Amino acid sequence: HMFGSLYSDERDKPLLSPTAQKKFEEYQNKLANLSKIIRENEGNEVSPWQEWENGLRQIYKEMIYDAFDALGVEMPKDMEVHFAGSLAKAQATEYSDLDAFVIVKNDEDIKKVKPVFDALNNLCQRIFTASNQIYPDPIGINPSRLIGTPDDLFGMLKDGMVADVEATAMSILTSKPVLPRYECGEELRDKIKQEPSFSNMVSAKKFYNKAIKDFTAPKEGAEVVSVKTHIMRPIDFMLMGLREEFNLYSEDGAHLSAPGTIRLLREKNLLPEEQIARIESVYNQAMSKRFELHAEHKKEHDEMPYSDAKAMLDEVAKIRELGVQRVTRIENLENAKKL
């Protein structure tokens, strides 16, 4: 067959044209340079994972502008692109997936814009096949699957039109704007929080209980544990719980990172310092470990020896005890016993 354009499907066009290939390599070099910049400046007051999210957001934005230019499509002014997952929280590693979705103001923008995001998914997939990075999940959060008006996307959740409503709802709620455009995102999040049938799946109690009951401690005698399942997930849900309880929000998504939440908990003295410091300490230890593990294996490697995880697991257990007290105090607050 024939050479592929930069936005060709690699299954149909394994070989890029000489022009497309030079541009593909430019993107690969940007990702490689970003990893190199992180290593060289070890001990910077900006964490490796905060630096990665910053670098990757600039790279992805450049891919978006390049793609609109290449396909001869003008970028609508009222179109929003949002990061979801670890990237939205600025705790994605180099081998994390690239979860993004698109909110448009008008339904007719979709026909104009969806081809550009199909093109971008092809490029991202080709990069994934080459360096095992920026995976666009075809059954998850990608701008080709999740594109529409706030009404459309809320409709997907309210009706059946997506498998795992709860996980898509979590993704949309913990999303961060990539462009300086956030109002449609706000409208979408307010519709999800409005929906009576979503009432208790979006509550602080629910998020605290996921940290306590879902993402539970490793079994006794375990030799192996997951820095994701047993440490980073419980922390994530504890922080979602606190953000919901205290209405913590920034239009720029600054609240979604652990340090962002911790900054706000400290500013407003919303939690005792001892407890904030524990969450902060285990977050930094776990993300240092998780960032190292992925870079070393060049893939999502979350398993580590129980013995290496022991200090973090014990702090995570204290954080769960805290979480149980918050759920009780929330139930007790809604009851309001007098005398």
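Don't overthink the numbering: it's just position in the shown sequence, from 1.
Trainee: Which has the higher mean CA temperature factor in the PDB entry, 225-233 or 138-146?
Mentor: Higher of the two, by average CA B-factor, is 138-146.
Trainee: Can you tell me whether 207-215 has a higher mean C-alpha B factor than 90-98 in this record, or the other way round?
Mentor: Per the PDB record, 207-215.
Trainee: In terms of CA temperature factor as recorded, identify the highest of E53, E40, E62, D69.
Mentor: In the PDB entry, the greatest C-alpha B-factor among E53, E40, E62, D69 is found at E40.
Trainee: From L123, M240, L248, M201, which pick has the Cα B-factor that tops the rest in the entry?
Mentor: Of the options given, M201 has the highest CA B-factor in the PDB entry.
Trainee: Please say which third, lowest, middle or highest, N284 falls into when its CA temperature factor is compared across its chain.
Mentor: Lowest third, going by the recorded CA B-factors of the chain.
Trainee: Where does the C-alpha B-factor of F154 rank in its chain, lowest, middle or highest third?
Mentor: CA B-factor rank for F154: highest third.
Trainee: Going by the recorded CA B-factors, say which third of the chain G185 sits in, lowest, middle or highest.
Mentor: Its C-alpha B-factor belongs to the middle third of this chain's values.
Trainee: Sorting the chain's modelled residues by C-alpha B-factor, tell me whether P76 ends up in the lowest, middle or highest third.
Mentor: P76: CA B-factor falls in the middle third of its chain.
Trainee: Ranking every modelled residue in this chain by its Cα temperature factor as given in the entry, which third contains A169?
Mentor: For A169, the deposited C-alpha B-factor lands in the highest third.
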